[PDB]
Amino acid sequence: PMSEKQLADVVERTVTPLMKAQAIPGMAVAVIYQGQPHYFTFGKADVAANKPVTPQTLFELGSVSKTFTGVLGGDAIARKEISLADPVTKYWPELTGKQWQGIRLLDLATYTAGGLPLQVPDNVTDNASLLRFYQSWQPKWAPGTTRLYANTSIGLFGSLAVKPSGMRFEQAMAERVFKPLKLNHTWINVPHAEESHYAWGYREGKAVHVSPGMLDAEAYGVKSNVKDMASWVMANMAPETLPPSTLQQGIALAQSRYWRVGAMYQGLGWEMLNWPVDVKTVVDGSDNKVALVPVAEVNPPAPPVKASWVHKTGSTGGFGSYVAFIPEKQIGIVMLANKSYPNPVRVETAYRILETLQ
């Protein structure tokens with residue numbers, strides 16, 4: 001096996017030229033190897049203040065948040081509070097339009113409603129306007145037949161999935177996911193007392209934080225540090241080491257295979273490819289296209305496959321994050337950066353580091 005010094009050299013030799021070429025001010029990396037997290041930090045969390053990235057620096061996870069939403073939804077299924085087969089209208093009866101007949105929680109969770117768009121419009125700022133948005137939406141294809149990656153899809157899934165619990169989404173996430181996993185520095189809203197740890201993001205050289213928006217918490221709103229994110233990867237890679245619970249069951253539901261697009265399988269938030277797989281296949285299987293694509297159904301959904309590359313990319317205006325793991329090999333990686341840089345580059349960087357552990 002690689003020593004800690006050998007692993008540090010692999011990470012540093014990869015990340016240093018990457019950060020220079022991409023103008024990424026700061027990165028935090030965790031490698032999961034031999035059952036242990038290994039932390040590596042680089043650069044600046046706050047350029048103007050010359051504050052370094054540390055293992056306590058909070059980054060915006062952007063769409064990596066969808067993995068938390070998927071697991072929380074899986075937990076609600078395991079609690080018997082919701083079923084993926086339930087109609088959307090069971091949880092939002094005001095969605096009376098005929099286009100909503102036949103659309104299920106499954107379709108919201110996995111982007112198969114028939115072309116719900118990527119973003120909630122910024123001018124939609126309350127529930128009355130959000131209702132009008134969904135009631136005006138016209139699908140392009142029948143439900144359960146196409147994939148279009150969308151915050152309006154999985155974001156609405158998360159909001160509806162928590163309704164039987166009596167808690168708002170943020171409360172439910174804290175009580176049912178963050179707290180049982182001891183993710184005590186993972187936040188949907190960064191508390192005032194934690195702001196000193198919150199990195200700035202950088203877009204066109206300017207310091208930025210994610211803007212508020214409807215469904216933000218559900219689709220892109222989690223902030224976390226590299227230590228909690230390493231714990232999140234460990235819990236999802238080896239849920240059998242957790243005590244028996246609805247959360248453990250929900251982790252399994254989120255890594256179940258519901259649809260296939262090419263070499264990618266869609267979970268709840270998580271996405272998977274069968275392992276072994278070449279890096280070019282992972283890159284080609286992780287583009288969320290602007291246009292709709294057809295899907296193949298996995299019926300019934302297939303339970304988690306240990307021989308998988310499991311991953312999620314995510315960004316905000318100022319941040320770029322990536323998590324990936326291979327349960328068969330018990331290796332994984334977290335890369336948090338305070339600039340958004342291309343998703344294929346995140347995959348290539350992660351794949352190269354993980355390949356040295358094999």
# chains A, B, ... in the order shown; residues from 1 in each chain; ligands from 1

call {"tool": "closest_atom_pairs", "arguments": {"of": "stretch 159-217 of chain A", "to": "stretch 34-49 of chain A", "cutoff": "8 Å", "atoms": "only C-alpha atoms", "output": "Markdown table"}}
result
| residue | atom | partner | partner_atom | distance |
| --- | --- | --- | --- | --- |
| A:198 | CA | A:45 | CA | 7.7 |
| A:199 | CA | A:45 | CA | 4.5 |
| A:200 | CA | A:46 | CA | 5.6 |

call {"tool": "select_by_dssp", "arguments": {"residues": "stretch 76-122 of chain A", "states": "alpha helix (DSSP H)", "output": "ChimeraX atom specification"}}
result
/A:76-78,105-110

call {"tool": "residues_around", "arguments": {"residues": "stretch 7-14 of chain A", "least_positions_apart": "3", "cutoff": "10 Å", "atoms": "only C-alpha atoms", "output": "PDB file with N, CA, C and O atoms, in the first residue's frame"}}
result
ATOM      1  N   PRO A   1       0.820  -1.217   0.000  1.00  0.00           N
ATOM      2  CA  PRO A   1       0.000   0.000   0.000  1.00  0.00           C
ATOM      3  C   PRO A   1       0.851   1.264   0.000  1.00  0.00           C
ATOM      4  O   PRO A   1       2.019   1.216   0.376  1.00  0.00           O
ATOM      5  N   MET A   2       0.270   2.390  -0.404  1.00  0.00           N
ATOM      6  CA  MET A   2       1.005   3.645  -0.412  1.00  0.00           C
ATOM      7  C   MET A   2       1.089   4.230   0.990  1.00  0.00           C
ATOM      8  O   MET A   2       0.109   4.229   1.742  1.00  0.00           O
ATOM      9  N   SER A   3       2.270   4.733   1.335  1.00  0.00           N
ATOM     10  CA  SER A   3       2.450   5.442   2.589  1.00  0.00           C
ATOM     11  C   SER A   3       1.738   6.793   2.532  1.00  0.00           C
ATOM     12  O   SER A   3       1.338   7.276   1.466  1.00  0.00           O
ATOM     13  N   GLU A   4       1.589   7.411   3.705  1.00  0.00           N
ATOM     14  CA  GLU A   4       0.975   8.734   3.762  1.00  0.00           C
ATOM     15  C   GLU A   4       1.787   9.754   2.973  1.00  0.00           C
ATOM     16  O   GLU A   4       1.220  10.623   2.301  1.00  0.00           O
ATOM     17  N   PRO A  17      -0.531  21.850 -10.186  1.00  0.00           N
ATOM     18  CA  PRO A  17      -0.635  22.407 -11.545  1.00  0.00           C
ATOM     19  C   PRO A  17      -2.069  22.614 -11.987  1.00  0.00           C
ATOM     20  O   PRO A  17      -2.336  23.521 -12.789  1.00  0.00           O
ATOM     21  N   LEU A  18      -2.998  21.798 -11.481  1.00  0.00           N
ATOM     22  CA  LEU A  18      -4.411  21.999 -11.778  1.00  0.00           C
ATOM     23  C   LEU A  18      -4.884  23.356 -11.275  1.00  0.00           C
ATOM     24  O   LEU A  18      -5.532  24.114 -12.008  1.00  0.00           O
ATOM     25  N   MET A  19      -4.569  23.681 -10.018  1.00  0.00           N
ATOM     26  CA  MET A  19      -5.029  24.944  -9.451  1.00  0.00           C
ATOM     27  C   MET A  19      -4.422  26.128 -10.184  1.00  0.00           C
ATOM     28  O   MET A  19      -5.096  27.142 -10.399  1.00  0.00           O
ATOM     29  N   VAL A  29      -9.006  18.419  -0.232  1.00  0.00           N
ATOM     30  CA  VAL A  29      -9.157  17.073  -0.771  1.00  0.00           C
ATOM     31  C   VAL A  29      -9.142  16.086   0.385  1.00  0.00           C
ATOM     32  O   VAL A  29      -8.324  16.204   1.304  1.00  0.00           O
ATOM     33  N   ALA A  30     -10.047  15.113   0.344  1.00  0.00           N
ATOM     34  CA  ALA A  30      -9.970  13.953   1.221  1.00  0.00           C
ATOM     35  C   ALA A  30      -9.885  12.705   0.361  1.00  0.00           C
ATOM     36  O   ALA A  30     -10.675  12.539  -0.575  1.00  0.00           O
ATOM     37  N   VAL A  31      -8.937  11.830   0.669  1.00  0.00           N
ATOM     38  CA  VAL A  31      -8.872  10.509   0.061  1.00  0.00           C
ATOM     39  C   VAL A  31      -9.282   9.497   1.118  1.00  0.00           C
ATOM     40  O   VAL A  31      -8.818   9.566   2.262  1.00  0.00           O
ATOM     41  N   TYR A  33      -9.015   5.710   2.112  1.00  0.00           N
ATOM     42  CA  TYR A  33      -8.094   4.637   1.753  1.00  0.00           C
ATOM     43  C   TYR A  33      -7.737   3.870   3.019  1.00  0.00           C
ATOM     44  O   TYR A  33      -7.409   4.482   4.044  1.00  0.00           O
ATOM     45  N   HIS A  38      -7.834  10.851   4.585  1.00  0.00           N
ATOM     46  CA  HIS A  38      -6.534  11.504   4.461  1.00  0.00           C
ATOM     47  C   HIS A  38      -6.792  12.883   3.872  1.00  0.00           C
ATOM     48  O   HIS A  38      -7.341  12.989   2.774  1.00  0.00           O
ATOM     49  N   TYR A  39      -6.420  13.937   4.594  1.00  0.00           N
ATOM     50  CA  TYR A  39      -6.789  15.297   4.227  1.00  0.00           C
ATOM     51  C   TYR A  39      -5.607  16.057   3.647  1.00  0.00           C
ATOM     52  O   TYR A  39      -4.485  15.977   4.160  1.00  0.00           O
ATOM     53  N   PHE A  40      -5.879  16.833   2.600  1.00  0.00           N
ATOM     54  CA  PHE A  40      -4.877  17.654   1.939  1.00  0.00           C
ATOM     55  C   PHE A  40      -5.520  18.985   1.603  1.00  0.00           C
ATOM     56  O   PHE A  40      -6.583  19.017   0.977  1.00  0.00           O
ATOM     57  N   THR A  41      -4.899  20.080   2.029  1.00  0.00           N
ATOM     58  CA  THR A  41      -5.451  21.402   1.786  1.00  0.00           C
ATOM     59  C   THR A  41      -4.443  22.271   1.052  1.00  0.00           C
ATOM     60  O   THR A  41      -3.226  22.167   1.268  1.00  0.00           O
ATOM     61  N   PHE A  42      -4.968  23.143   0.186  1.00  0.00           N
ATOM     62  CA  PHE A  42      -4.145  23.946  -0.703  1.00  0.00           C
ATOM     63  C   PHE A  42      -4.734  25.340  -0.854  1.00  0.00           C
ATOM     64  O   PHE A  42      -5.949  25.498  -1.009  1.00  0.00           O
ATOM     65  N   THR A 349      -9.072  14.145 -12.757  1.00  0.00           N
ATOM     66  CA  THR A 349      -8.222  14.320 -11.583  1.00  0.00           C
ATOM     67  C   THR A 349      -8.503  13.242 -10.542  1.00  0.00           C
ATOM     68  O   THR A 349      -7.578  12.619 -10.000  1.00  0.00           O
ATOM     69  N   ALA A 350      -9.784  13.018 -10.238  1.00  0.00           N
ATOM     70  CA  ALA A 350     -10.152  12.014  -9.240  1.00  0.00           C
ATOM     71  C   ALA A 350      -9.730  10.618  -9.678  1.00  0.00           C
ATOM     72  O   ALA A 350      -9.180   9.840  -8.883  1.00  0.00           O
ATOM     73  N   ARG A 352      -7.358   9.682 -11.707  1.00  0.00           N
ATOM     74  CA  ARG A 352      -5.912   9.494 -11.659  1.00  0.00           C
ATOM     75  C   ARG A 352      -5.429   9.252 -10.233  1.00  0.00           C
ATOM     76  O   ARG A 352      -4.575   8.388  -9.999  1.00  0.00           O
ATOM     77  N   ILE A 353      -5.963  10.002  -9.263  1.00  0.00           N
ATOM     78  CA  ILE A 353      -5.554   9.801  -7.874  1.00  0.00           C
ATOM     79  C   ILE A 353      -5.983   8.423  -7.391  1.00  0.00           C
ATOM     80  O   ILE A 353      -5.189   7.676  -6.806  1.00  0.00           O
ATOM     81  N   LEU A 354      -7.246   8.061  -7.636  1.00  0.00           N
ATOM     82  CA  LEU A 354      -7.735   6.767  -7.172  1.00  0.00           C
ATOM     83  C   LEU A 354      -6.987   5.610  -7.821  1.00  0.00           C
ATOM     84  O   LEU A 354      -6.786   4.573  -7.181  1.00  0.00           O
ATOM     85  N   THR A 356      -3.891   5.344  -8.356  1.00  0.00           N
ATOM     86  CA  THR A 356      -2.640   5.063  -7.657  1.00  0.00           C
ATOM     87  C   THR A 356      -2.845   4.204  -6.418  1.00  0.00           C
ATOM     88  O   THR A 356      -1.868   3.667  -5.889  1.00  0.00           O
ATOM     89  N   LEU A 357      -4.077   4.080  -5.936  1.00  0.00           N
ATOM     90  CA  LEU A 357      -4.384   3.237  -4.789  1.00  0.00           C
ATOM     91  C   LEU A 357      -4.679   1.797  -5.188  1.00  0.00           C
ATOM     92  O   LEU A 357      -4.987   0.978  -4.318  1.00  0.00           O
TER      93      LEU A 357
END

call {"tool": "closest_atom_pairs", "arguments": {"of": "stretch 172-242 of chain A", "to": "stretch 112-129 of chain A", "cutoff": "8 Å", "atoms": "only C-alpha atoms", "output": "JSON lines"}}
result
{"residue": "A:213", "atom": "CA", "partner": "A:122", "partner_atom": "CA", "distance": 6.6}
{"residue": "A:214", "atom": "CA", "partner": "A:125", "partner_atom": "CA", "distance": 6.2}
{"residue": "A:215", "atom": "CA", "partner": "A:120", "partner_atom": "CA", "distance": 7.8}

call {"tool": "write_last_selection", "arguments": {"atoms": "N, CA and C atoms", "output": "PDB file, in the first residue's frame"}}
result
ATOM      1  N   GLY A 213     -32.592  31.145  -3.631  1.00  0.00           N
ATOM      2  CA  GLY A 213     -33.586  30.831  -4.642  1.00  0.00           C
ATOM      3  C   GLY A 213     -34.515  29.752  -4.143  1.00  0.00           C
ATOM      4  N   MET A 214     -35.702  29.699  -4.743  1.00  0.00           N
ATOM      5  CA  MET A 214     -36.640  28.647  -4.379  1.00  0.00           C
ATOM      6  C   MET A 214     -36.027  27.286  -4.682  1.00  0.00           C
ATOM      7  N   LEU A 215     -36.241  26.336  -3.773  1.00  0.00           N
ATOM      8  CA  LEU A 215     -35.721  24.971  -3.888  1.00  0.00           C
ATOM      9  C   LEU A 215     -34.200  24.904  -3.796  1.00  0.00           C
TER      10      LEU A 215
END

call {"tool": "select_by_dssp", "arguments": {"residues": "stretch 5-100 of chain A", "states": "strand (DSSP E)", "output": "ChimeraX atom specification"}}
result
/A:26-33,36-46,51-52,59-60
